[PDB]
Amino acid sequence: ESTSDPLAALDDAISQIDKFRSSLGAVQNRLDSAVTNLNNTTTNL
Amino acid sequence: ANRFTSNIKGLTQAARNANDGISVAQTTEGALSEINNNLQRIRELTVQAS
């Protein structure tokens with residue numbers, strides 16, 4: 001029994017993967033901003 | 001960009017499929033012409049038979 005809507009399901013899976021990647025890249029940038037904060041504040045301290 | 005790539009690959013594959021379909025149609029029309037020649041010959045010689 002073939003899938004009823006193959007292409008739609010594939011598109012939804014790809015969208016889910018891309019959403020996870022976007023959420024993960026956001027936290028990448030977030031941690032890097034934290035790293036910049038850390039050295040900047042430790043030099044002043 | 002991912003969504004554009006999806007459409008790009010799908011459209012390339014669909015174009016190849018459409019080329020295969022037009023090949024099918026060409027083959028069928030050639031067969032029909034080969035039949036029609038003999039059918040017209042049958043008509044012509046039936047006119048003589050009349």
# chains A, B, ... in the order shown; residues from 1 in each chain; ligands from 1
>>> interface_residues(of="chain A", to="chain B", cutoff="10 Å", atoms="only C-alpha atoms", output="PyMOL selection string")
chain A and resi 7+11+14-15+18
